[PDB]
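Reconstructed Cβ throughout: ideal geometry from the backbone, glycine too, with neighbour counts over all protein chains shown. FYI, it's all coordinate maths here, none of it is from the lab.
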Amino acid sequence: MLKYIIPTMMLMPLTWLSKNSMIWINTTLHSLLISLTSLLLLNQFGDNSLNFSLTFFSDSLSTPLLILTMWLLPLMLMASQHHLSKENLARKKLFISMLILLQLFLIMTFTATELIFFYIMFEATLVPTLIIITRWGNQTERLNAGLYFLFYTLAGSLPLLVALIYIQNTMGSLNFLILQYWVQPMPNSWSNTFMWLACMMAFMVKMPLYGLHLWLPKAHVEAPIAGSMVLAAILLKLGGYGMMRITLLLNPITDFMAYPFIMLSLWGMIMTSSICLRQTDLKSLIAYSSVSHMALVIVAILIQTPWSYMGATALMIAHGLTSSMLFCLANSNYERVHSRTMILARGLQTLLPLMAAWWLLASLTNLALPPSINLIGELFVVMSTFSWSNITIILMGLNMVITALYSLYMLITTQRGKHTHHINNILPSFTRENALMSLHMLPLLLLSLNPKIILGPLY
Amino acid sequence: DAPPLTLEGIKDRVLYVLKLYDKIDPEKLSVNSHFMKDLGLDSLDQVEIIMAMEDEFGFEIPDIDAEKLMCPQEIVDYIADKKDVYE
Amino acid sequence: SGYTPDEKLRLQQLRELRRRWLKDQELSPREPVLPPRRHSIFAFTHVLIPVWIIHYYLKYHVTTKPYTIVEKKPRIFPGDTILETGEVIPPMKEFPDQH
Amino acid sequence: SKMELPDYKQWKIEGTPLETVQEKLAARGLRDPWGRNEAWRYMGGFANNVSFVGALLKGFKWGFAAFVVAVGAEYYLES
Amino acid sequence: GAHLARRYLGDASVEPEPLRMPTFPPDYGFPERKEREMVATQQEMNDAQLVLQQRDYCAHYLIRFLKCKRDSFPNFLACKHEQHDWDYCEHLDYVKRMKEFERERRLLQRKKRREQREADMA
Amino acid sequence: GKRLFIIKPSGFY
Amino acid sequence: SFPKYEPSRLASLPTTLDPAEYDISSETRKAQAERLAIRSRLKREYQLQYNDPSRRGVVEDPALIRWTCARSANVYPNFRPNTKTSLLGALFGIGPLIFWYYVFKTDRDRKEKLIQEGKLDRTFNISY
Amino acid sequence: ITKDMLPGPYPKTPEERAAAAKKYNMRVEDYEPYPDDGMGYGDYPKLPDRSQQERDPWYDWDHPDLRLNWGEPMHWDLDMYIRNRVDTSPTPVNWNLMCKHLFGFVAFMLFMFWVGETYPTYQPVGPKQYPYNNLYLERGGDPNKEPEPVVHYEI
Amino acid sequence: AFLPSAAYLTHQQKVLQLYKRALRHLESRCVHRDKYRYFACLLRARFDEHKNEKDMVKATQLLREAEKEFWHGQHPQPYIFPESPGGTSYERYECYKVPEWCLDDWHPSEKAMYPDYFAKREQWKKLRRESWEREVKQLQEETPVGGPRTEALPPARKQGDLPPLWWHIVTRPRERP
Amino acid sequence: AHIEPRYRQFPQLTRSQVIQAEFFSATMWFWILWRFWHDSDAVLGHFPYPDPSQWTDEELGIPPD
Ligand SMILES: CCCCCCCCCCCCCCCCCC(=O)OC[C@H](COP(=O)([O-])OC[C@H](O)COP(=O)([O-])OC[C@H](COC(=O)CCCCCCCCCCCCCCCCC)OC(=O)CCCCCCCCCCCCCCCCC)OC(=O)CCCCCCCCCCCCCCCCC
Ligand SMILES: CCCCCCCCCCCCCCCCCC(=O)OC[C@H](COP(=O)([O-])OCC[N+](C)(C)C)OC(=O)CCCCCCCCCCCCCCCCC
Ligand SMILES: CCCCCCCCCCCCCCCCCC(=O)OC[C@H](COP(=O)(O)OCCN)OC(=O)CCCCCCCCCCCCCCCCC
Ligand SMILES: *C(=O)CCCCCCCCCCCCC
């Protein structure tokens, strides 16, 4: 994995030694070169994971998250270069440094062979995210949002530290490859109950779990566009990655510990989606949609059937692409009206037709239109949870109604109807913005041709 | 489809409908005949004149605009303003 | 009572400006100024080349794979003859004639 | 461009059901003011419109004639 | 449709129930009753791929009609006689089902008159 | 003949 | 005589059938004139900015900003935990969680009891 | 935008109520806040819950699709009372009478389908008769077993 | 109720609006023109019966029970004109009513496609921006203290002035673009 | 020449639309009469419905006891 970590670190001299007008073009070019290089991780086998060293390996779960992560950096650089154009050159280089450093932490978070190194990188991802939100966020509430984002994650994860060090003392190792073969069944006790909670609640917060999700409609909304892209597209999916790693060590206790949390998700996706029907802030509507979509990933990991893991990792990759594009579309209208009120700018298909078509495609992938990998993940999770209990389809199916309802209302409020009269600074769509939308949507639609690469280690 | 109106055509059709009204003598009627003060018509008759204009040209005049059309010239001007004639 | 004289004067002035605008929406005879820019081809490019492509794809890539084009076997009647074999199927039993 | 309207004097309500409406209004001391405005709907080429069985039997004569010719043709053709 | 009134507005005792009948032996009232002769061999209508509803006691006319309809393409108006034969033999099978229904109705009238004669006897 | 200008947004970009 | 119109929550009373529409009293005249005055002032203040050729941007509506601030930011500083909010938060918050918990727990206890006893038809079930 | 044009706490003195009504651009006798039970409304006005469909459509609105003006205090549920959503407009038949007619019609239809299912119609025929022991091999019977002899007779 | 100029509906205006709505809903009930013609003259006779009532209390009462009469006797699906609010073609072409300022954001390769149109548009924008300050100082010298009482706007007063707040009334899009 | 709009009177008819409409109306009635002449049983009935009371008990097997 050292053929990826070293170019990501060489992106630091590539942004701090660049000419003052070349610091976006060079970082975009070489980050796209790293993203083209990321395809070598697709050397996956049906039996063995691509095991590099004592420190790094990459199975078919971590590989699509890595390719999405290394792809997301050029898209964040294209997204965040317009509103940081009047910024000081040193703070501009510091912003690019925080994005590069966050990618650097993420690519060795997903390839951590050992779990306490996973913890160190997993909590290392807080600090560039916290600095990006609380420094380049636009409104007043970025400080409070950074506080909530920091202290939900740390309060969930400092018991995870004690739990992982307890596994290191008990089993002898926190290598995942060793613990595939030295896993002991976890019996029923209160000690093993709080063992389970300490191993799970950090990732429950990072997914987020319903009831614990209060950081997210502040952290995703008060962030800048690159912060919202990396928080929605990757940093939620650390929780699903970590749960899929750590429920190896939590059997058969998960079979009766998952019962409340599944309820919290199966009801939570009914609530948060319903919250999306009454959100006046468009960016908050996309945030609660992200909560509603990650509730299915929580359910699928907690029922721990193969169809559920295949659908959950397909839903993670698909929601990363779709939610990143929806935040970028909301930014494309925020850079024209300078407000996030959804009812303010209306009728935008009369003025911006191709950008309305990008809104249309992002809304159709949001509502899981087949054969998108959104629908492949959604459908496979629904199959596995019908196998879990035959009544859950009601909570699934009603969700698939409400998920349609706000996905098109967002399309009807913003793009359709009569245009707002007094708003006259609606510029034509830049080539940069349509490039951003196309680089989100075209990989998402190409993955419908060959979806087996985003279906996880048990395809 | 949808033949474009003119001011002369709207004037001819408005005075055509008003000549077909038995409470208006077609030898006194001009474009500037006030209905209450020159033709001596009732307010109910003015409402019926506006409703015949609606049935003639195929669109609704609202009440706040119906009550302020007191001659054929203002009716022709209102249909000109709502149909964008002489473009 | 219709409009006030202020409202009549305003509607006349707005009417004049509106008709000026709508008349000035018309085109010039030079506008638009444009930049300086086989009978059965539809039977060839849209019928026949896709028939060629799809027949090659079915014949040498799809029929070469097992159970891809699975076809219902044709319907054998009493009185038929098999083309691959030549075995004539014997006809039905003689009818109890009804009418 | 210029469209010449027909005459307003020709649309009289004699010969229409507007005449019957004016009679049944003047029987009780009323008078119909908008008869000549509605007089065009019941006159001209829009007068004497067909009934419903007349609408269904459109082309029944020519269809029956072609039917008789075809039945005679197949009666002659068998012999 | 008058049997609907005879079974619903009337009694269900003398009326035959549709789903469970014949409720009598077939020999009860028939000296030397012959069986039904199936003309089409089971392998013949196996190879003719008929619908399982269509594989009744009168499938041989349908096999002849389908062989005609294949052998007369595109002249799709030239096998009316085989279709008329199959429709007439389906009519005959429907008449046999009506005869079975009327037989059951008259036997239930017979049992009703039998139990009434037994009730008036002693 | 009395062709009217159709106002539409900039479809160049 | 005629059946009187019954207004509902989703079917309001018409303006024509409303008695308070017909109030010819002078205090209602002053109320209607004062509302016309406020609406005329806001209309003028809007369309002075709206017709300005030097303006190229968003005419900011403090009513819309005020509404979006009232829907989100002012909810918790004007929250008081009392009997009504506690009963509605415990009835609507942890109520359906308990409900769906007992439904899914009872269904899975029933299904696992049928499977481990060899009752549930699981013949071709090999995808899970 | 500034602080004293943003929503605040619930007004309890009449001068704070007058300042609230001046803030929301509406008359003090027309200004009614939500009742202070602690639901987070604050000083926000309780508009009388009319849909935007009920507004006068012929008026020269500032926002014609929303039928709403500039500076006009929006309803709390303005996202809910748009013309794409919940309409409170008056209906020519009473709401309770509509519910009576709909529930009575649906319940009568369900009851009469149950009556027709309990007493079904049929034709005065016997069962359909099939050869070869009621088509034993065709229905999927195994040939190593042997069914009971189903024999049909002529009539 | 809700009017831009007047703060209310007068009794005479309420009677006229009831008369128009009664004839329209009656015409919806009375599809054919002769049958509507007969019953519309009967309804005109009913309106002309109580025309000369001088007691405003009694007249308001008669208007109120006439509204009850109408609400009991209205058509459920009345006739609506196609471009009328509620009609089948109402606000249909709003997706083609592109505002004028979008023409300011064209590329020069498509502005040069119409040279006379934009060369004529520049003097519209010129006339607008040199009429703007005169009409603003017209509005702030004629409006009373306390704001304008009604939503009515004054006309132009001089020979050379354009009427105040005129641009989005003159340069509104056509109803059939 | 194309059809010019008229005012308060019957519009200009093409000869072509009248002869097409009359041809297809005659074609409808020709086809209905043709298929009613030849078939005549898809409407009225193909085979006679027997009366079950008219069946003797000898063919239905009712021994008088
Ligand atoms: C590996 C090689 C692969 C080669 C083949 C590639 C296959 C497709 C891949 C994805 C294509 C997306 C690109 C088009 C849409 C986005 C851009 C756009 O709108 O442009 C409009 C523009 C034309 O319109 P315009 O008038 O100029 O402007 C638009 C107007 O303003 C007004 O706009 P509008 O709204 O009127 O027009 C938009 C319209 C709006 O229409 C819709 O939104 C309706 C679509 C949904 C309902 C119908 C489809 C339902 C599903 C059935 C189809 C899938 C299964 C079929 C298979 C058999 C059955 C299983 O959409 C379309 O016309 C698109 C038709 C195809 C739709 C495909 C499905 C997308 C729906 C959302 C996701 C659904 C699930 C995933 C499906 C993935 C399929 C691969 O198109 C272009 O300029 C095209 C540019 C070139 C595009 C290249 C795309 C591929 C790039 C990949 C590069 C790397 C690989 C190399 C291959 C390169 C191939 C050329
Ligand atoms: C984001 C907010 C929510 C975060 C939730 C985090 C998880 C919730 C539960 C955490 C419990 C504490 C960590 C447990 C680690 C268990 C490791 C282990 O070996 O356990 C077995 C051990 C058992 O000891 P042992 O393993 O040495 O015993 C040998 C084995 N037997 C039992 C057979 C003798 O458990 C313990 O010793 C105690 C476990 C419970 C600890 C209770 C104290 C903490 C209370 C809860 C704090 C939760 C977070 C607080 C902050 C909230 C926000 C401000
Ligand atoms: C084989 C068995 C068959 C059984 C059939 C019966 C079972 C289903 C029972 C009925 C459920 C559906 C009907 C109720 C909801 C209908 C909502 C709808 O369509 O609203 C339309 C409304 C605008 O309609 P309208 O006013 O007519 O538009 C013209 C404008 N003047 O639009 C709006 O108001 C916009 C609303 C947007 C938000 C929608 C909120 C409601 C969502 C309801 C979801 C219900 C899911 C139920 C799932 C059950 C699964 C078991
Ligand atoms: C007995 O009536 C058997 C027929 C089927 C059941 C009754 C069907 C009634 C409707 C069909 C006949 C209608 C005659 C006007």
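Dipole of the protein assembly as shown (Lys/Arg Cβ +1, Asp/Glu Cβ -1, origin at the Cα centre): which of A:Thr305, A:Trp136, B:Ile10 lies farthest to the positive side?
A:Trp136
By how many degrees, 0 to 90 and rounded to 10, does the Cα axis of helix A:282-303 deviate from the longest principal axis of chain A?
20
For the protein assembly as shown, list the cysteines whose Cβ sits under 4.7 Å from no other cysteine Cβ?
When partners are defined as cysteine Cβ atoms under 4.7 Å apart, the protein assembly as shown leaves A:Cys199, A:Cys276, A:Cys328, B:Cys71, G:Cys69, H:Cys99, I:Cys30, I:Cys41, I:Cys95, I:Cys102 without one.
With every atom except the alpha carbons ignored, what do you get for Rg and Dmax of chain A, in angstroms?
Using the Cα atoms of chain A, the pair Rg, Dmax is 21.1, 68 Å.
To test your reading of the geometry: what angle, between 0 and 90 degrees and rounded to tens, separates the Cα axis of helix E:80-121 from the longest principal axis of chain E?
The helix E:80-121 is inclined about 10 degrees to chain E.
Placing unit charges on C-beta atoms (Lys and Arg positive, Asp and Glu negative, everything else neutral), compute the dipole magnitude of the protein assembly as shown about its Cα centre in debye, rounded to 20.
3900
When you count, for each residue, the other Cβ atoms within 10 Å and take the mean per peptide, how do A:303-311, B:29-37 rank with the highest first?
Output ranking for A:303-311, B:29-37: A:303-311, B:29-37.
List the equivalent ellipsoid semi-axes of the protein assembly as shown in whole Å, largest first, each obtained as the square root of 5λ for an eigenvalue λ of the Cα gyration tensor. Display every interim value, and only then the final one.
Numbers: eigenvalues 787, 679, 258 Å².
Values for the protein assembly as shown, descending: 63, 58, 36 Å.
Can you give me the relative contact order of chain A as a percent, contacts being Cα pairs under 8 Å and 6 or more apart?
16
If a helix is a whole DSSP H run, which ones in chain G reach 20 Å or further along their own axis (Cα) and hold a mean Kyte-Doolittle hydropathy of at least -1.0?
Those that pass (Cα extent of 20 Å or more, hydropathy at least -1.0) are G:95-116.
Looking at the square roots a ≥ b ≥ c of the eigenvalues of the Cα gyration tensor of chain D, which shape do they give, rounded for a/c under 1.5, prolate if a/b is larger than b/c, or oblate?
Oblate shape, in that a/c is at least 1.5 and b/c is the bigger or equal ratio.
Let me spell out the model: positive unit charges on the Cβ of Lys and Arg, negative unit charges on the Cβ of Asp and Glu, origin at the Cα centre of chain A. What dipole size does that give, in debye rounded to 20?
Here chain A has a charge dipole of around 1160 debye.
Enumerate the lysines that G:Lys4 could reach by cross-link, defined here as Cα to Cα under 25 Å, with residues fewer than 8 away along the same chain left out.
List returned: H:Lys100, I:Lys14, I:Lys20, I:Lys58, I:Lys68.
State, as an integer percentage, the relative contact order of the range A:314-383 based on alpha-carbon contacts under 8 Å between residues 6 or more apart.
It rounds to 49 percent for the range A:314-383.
Points 7 angstrom from Cα along the Cβ direction at E:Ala119 and C:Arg37: gap in nanometres?
Reported label-point gap for E:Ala119 and C:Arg37 is 9.8 nm.
Based on the Cβ-Cβ distance of J:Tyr49 and E:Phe76, what FRET efficiency does E = 1/(1 + (r/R0)^6) give at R0 = 22 Å, to the nearest 0.05? Walk me through the intermediate numbers first.
Details: r = 30 Å, r/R0 = 1.35.
The value I calculate is 0.15.
Could you tell me which of H:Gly8, A:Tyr210, J:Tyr7 has its Cα farthest along the dipole of the protein assembly as shown towards the positive end, charges placed at Cβ (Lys, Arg +1; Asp, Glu -1), taken about the Cα centre?
Farthest along the dipole direction, towards plus: H:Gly8.
How shielded is C:5-11 by partner chains, expressed as the average number of their Cβ atoms within 10 Å of its Cβ atoms?
Mean shielding by partner chains, rounded to a whole number: 5.
Given the rule -39500 (n - 2.57) for each run of at least 4 DSSP H residues, summed and divided by the residues of chain B, what is its mean residue ellipticity at 222 nm, to the nearest 500 deg cm²/dmol?
Calculated mean residue ellipticity at 222 nm is -15500 deg cm²/dmol.
If packing is taken as the average number of other Cβ atoms within 10 Å across a peptide's residues, how do J:38-44, I:68-74 rank, most packed first? Could the numbers behind the result be given before it?
Details: J:38-44: 10.0, I:68-74: 15.6.
Packing proxy ranking, top to bottom: I:68-74, J:38-44.
Taking a cut-off of 21 Å between Cα atoms, list the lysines near E:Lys67, but don't count ones fewer than 8 places away on the same chain.
The reachable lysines, counting only those whose Cα sits under 21 Å from E:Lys67, are C:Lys72, C:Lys73, C:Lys93, E:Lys80.
Measure nothing but the geometry: give the 0 to 90° angle between the long axis through the Cα atoms of A:431-446 and the longest principal axis through the Cα atoms of chain A, rounded to 10°.
40
Evaluate peptide A:333-345: per residue, the Cβ atoms of other protein chains within 10 Å of its Cβ; return the mean as an integer.
Mean partner shielding for this stretch: 3.
Under unit Cβ charges (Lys, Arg +1; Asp, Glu -1), what dipole magnitude, rounded to 20 debye, does the range I:5-162 have relative to its Cα centre?
600
Normalised by the number of residues in chain E, what is the relative contact order in percent for Cα pairs under 8 Å and 6+ residues apart?
Relative contact order of chain E: 30 percent.
Please compute the average number of Cβ atoms from other chains found within 10 Å of each residue's Cβ in peptide E:32-40.
Taking all residues of E:32-40 together, the mean is 4.
Under the rule a/c < 1.5 gives rounded, and otherwise a/b versus b/c splits prolate from oblate, where does chain G land using the Cα gyration tensor?
prolate
Suppose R0 equals 45 Å. What FRET efficiency, 1/(1 + (r/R0)^6) with r the Cβ-Cβ distance, do A:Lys452 and D:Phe52 give to the nearest 0.05? Don't skip to the answer; put the middle values down first.
Numbers: r = 65 Å, r/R0 = 1.45.
Step by step, r from the Cβ atoms, then E = 0.10.
Run down the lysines and flag those whose C-alpha is under 16 Å from the C-alpha of E:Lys96, throwing out any fewer than 8 positions away in its chain.
The reachable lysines, counting only those whose Cα sits under 16 Å from E:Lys96, are E:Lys34, H:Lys128.
What order, most packed first, do the peptides I:152-162, A:138-148, E:100-110, C:45-55 have when packing is the mean number of other Cβ atoms within 10 Å of each residue?
Order by mean packing, descending: E:100-110, A:138-148, I:152-162, C:45-55.
Return a single number: how many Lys pairs in chain A, at a sequence separation of 8 or more or on separate chains, have alpha-carbon atoms below 22 angstrom apart.
Close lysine pairs found across chain A: 11.
With point charges of +1 on the Cβ of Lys and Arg and -1 on the Cβ of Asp and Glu, referenced to the Cα centre of chain E, which listed residue (E:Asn75, E:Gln116, E:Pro22) lies farthest in the positive direction of the dipole?
With unit charges placed on the Cβ atoms, the residue in question is E:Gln116.
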